[PDB]
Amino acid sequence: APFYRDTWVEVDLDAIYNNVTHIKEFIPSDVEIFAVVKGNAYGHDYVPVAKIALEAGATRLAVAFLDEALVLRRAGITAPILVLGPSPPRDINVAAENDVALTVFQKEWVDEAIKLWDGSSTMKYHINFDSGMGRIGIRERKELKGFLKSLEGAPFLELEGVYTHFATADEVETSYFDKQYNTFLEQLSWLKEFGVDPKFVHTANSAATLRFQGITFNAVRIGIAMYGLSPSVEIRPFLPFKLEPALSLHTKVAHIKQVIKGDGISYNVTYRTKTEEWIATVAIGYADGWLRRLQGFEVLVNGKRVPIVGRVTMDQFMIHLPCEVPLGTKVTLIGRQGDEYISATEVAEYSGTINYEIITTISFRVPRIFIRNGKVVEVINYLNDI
């Protein structure tokens, strides 16, 4: 509901809905979609994205750690939820009680879960196979055999699926991806050899699902493309269909003044005016995730690109405008004004980072406004809840 600063994220639920629909019609009819909503749904908000993705045809959800899955569960979401990151064994009973599946891939985890098990709950798990990402998951045959051996003492753990993750699916040249693919087929053959039906197999992120044959298996795991953004600039030309960006970020001119030639703006007087300059101030800063490294970046005011001048402060930054505009004038940081569009990728490139990081780090103190069919259908202000 209410928010009291004219700084907000806009999430277009139509865009998300369209992206999931187009992916669904692009992949085979017997391949499910996980909506990947970790990191506050990549800054779009856990619950509304999960809900719209499910409506668009996604059947499953994926988060980073257990607390995020519980956000969804408390919202009344009943679709399957998988935790993709590592979890401590102490989560075994709570995950089970909340119908949440964890990725489990260590004998040591199983040993500790046996010790901590409440004696009644049944927890579902997915085996992560590390096929070259080097992050988590089983890498070796002997390692797998020991893992399966420990599971013999843990009848309360039940396999729901098996997966791996690609490290280079967003690079045009495909050697490392091909290597991972071949490594993973071998890992699936180890499981077969040891008498374990994987049941439900998934490998593909946005880049992989949009590019390659033979990797859909039973399900795909879509994050960035559901939000309507390209996994990388280099594969962007080769995407099968147009992605529709869901998130924009806006503020308003909170103050506007003429500052005489030579006067300083912000901390350590890193900017001085060269003439009498129109300087506008907006209520957004690095506490909101709009970082100091974005000094000199251009925002959009009345369809024109105008530079951020002086140090970005915790809650505010300043802009050099060619002319006066009224107080309350919209300033767009990510999104479109007229003929101009600033993508999260453009912000990322100025920042020396990737679009994923730009969108995901928009702070929880910024409200989200949700648009469906051109109309505001929900507003979430997390500050109201804490």
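Sequential numbering from 1, following the sequence displayed.
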> In the PDB record, does 368-376 or 7-15 carry the higher mean Cα temperature factor?
Replying inline: 368-376
> Got a sec? Mean C-alpha B-factor, which is higher, 212-220 or 82-90?
Replying inline: 212-220
>> Can you tell me which of 133, 254, 294, 243 has the maximum CA B-factor listed in the PDB entry?
In response: 243
>> Looking at 304, 250, 202, 126, which one carries the largest C-alpha B-factor according to the PDB entry?
In response: 304
> In terms of the chain's CA B-factor thirds, is residue 342 lowest, middle or highest?
Replying inline: middle
> Which third of the chain does residue 50 land in by C-alpha B-factor: lowest, middle or highest?
Replying inline: middle
> Taking the C-alpha B-factors as the PDB entry records them, is residue 57 in the lowest, middle or highest third of its chain?
Replying inline: highest
> Lowest, middle or highest third: where is residue 361 by C-alpha B factor in its chain?
Replying inline: lowest
>> Looking at the temperature factor on the CA atom of residue 107, which third of the chain's modelled residues does it land in?
In response: middle
